């Protein structure tokens, strides 16, 4: 029997949190530390670090760090999990304590649009009594070449994983028509089909579709703060109506829509601000 260490990471009792929550400036990862086959009455040092998964273990890349000393006692004992017993034996003695790892929301988002879930992971080390020169509240200083007696530096650990989950916005587009003239039209008004392409730059999306007059289409899952472009096939509209088409874009809820070329709009979907945006493209036909 040799000492071991394990961890279970949570945020507000859960395995994920909303990283695009503007009301939060930081998040606290509860790092529940499980000490295996340690000696009652000895004083160990423990350290934890929080990393984004792709750089997990890279010194300099830590989002948060914590360190402390723990004098192991019987009152800390907790029942072993089946996973713990499988690894360490059915008689493994488990002692539990905890530390907090607090990360600033801006160190996750970089104050930029968040496209995808950010995978996080907690690493932990256990240091035996006398093996560390000192401990501050972030790091254990070794005695020269000394090392922890156990580590849990496991980047694929589900137990130590946390997901920083972004929320998403959406864009609804509705087509309207004014100025139709049967003398010039080449199709029946209710059969006219108006072609659009909606692109969202941070999402990396291209959605092509048609709307008849009065129809709508929604593009979902747009990163908050994304820039979205809407492009109509204006010549296709002109060909069907037999008239010039001035496309007039509007949006509800005070959202601005910019149009620098006829049939082209740019709109922001949320902030880095309204998240479910609704735009109307009016095909204003005239001779």
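Numbering follows the first chain given and starts at 1.
K.L.:
Are any deposited residues left out of the model between residue 272 and residue 273, and how many (none, 1 to 3, 4 to 9, 10 or more)?
P.N.:
Going from residue 272 to residue 273, the model skips 4 to 9 residues of the deposited sequence.
K.L.:
Out of 173 to 181 and 125 to 133, which one has CA B-factors that are higher on average in the deposited record?
P.N.:
Taking the mean B-factor of the alpha carbons in each, 125 to 133 is higher.
K.L.:
Identify the stretch, either 230 to 238 or 46 to 54, whose C-alpha atoms have the larger mean B-factor according to the entry.
P.N.:
Higher mean C-alpha B-factor: 46 to 54.
K.L.:
Out of 197, 141, 205, 73, which one has a C-alpha B factor higher than all the others in the entry?
P.N.:
Going by the entry's C-alpha B-factors, 141 comes out highest.
K.L.:
Sorting 216, 96, 117, 84 by Cα temperature factor from the record, which one lands on top?
P.N.:
117 has the highest C-alpha B-factor of those listed.
K.L.:
For residue 60, does the deposited CA B-factor place it in the lowest, middle or highest third of the chain?
P.N.:
Top third by C-alpha B-factor.
K.L.:
Please rank the C-alpha B-factors of the chain's modelled residues and tell me whether residue 187 sits in the lowest, middle or highest third.
P.N.:
Highest third of the chain for residue 187's C-alpha B-factor.
K.L.:
Using the temperature factors of the C-alpha atoms in this entry, rank residue 11 within its chain: lowest, middle or highest third.
P.N.:
Middle third of the chain for residue 11's C-alpha B-factor.
K.L.:
Using only modelled residues of the chain, where does the Cα B factor of residue 211 rank: lowest third, middle third or highest third?
P.N.:
According to the entry, residue 211 has a C-alpha B-factor in the chain's lowest third.
K.L.:
Is residue 257 in the lowest, middle or highest third of its chain when residues are ranked by C-alpha B-factor?
P.N.:
As the PDB entry reports it, the C-alpha B-factor of residue 257 lands in the lowest third of its chain.
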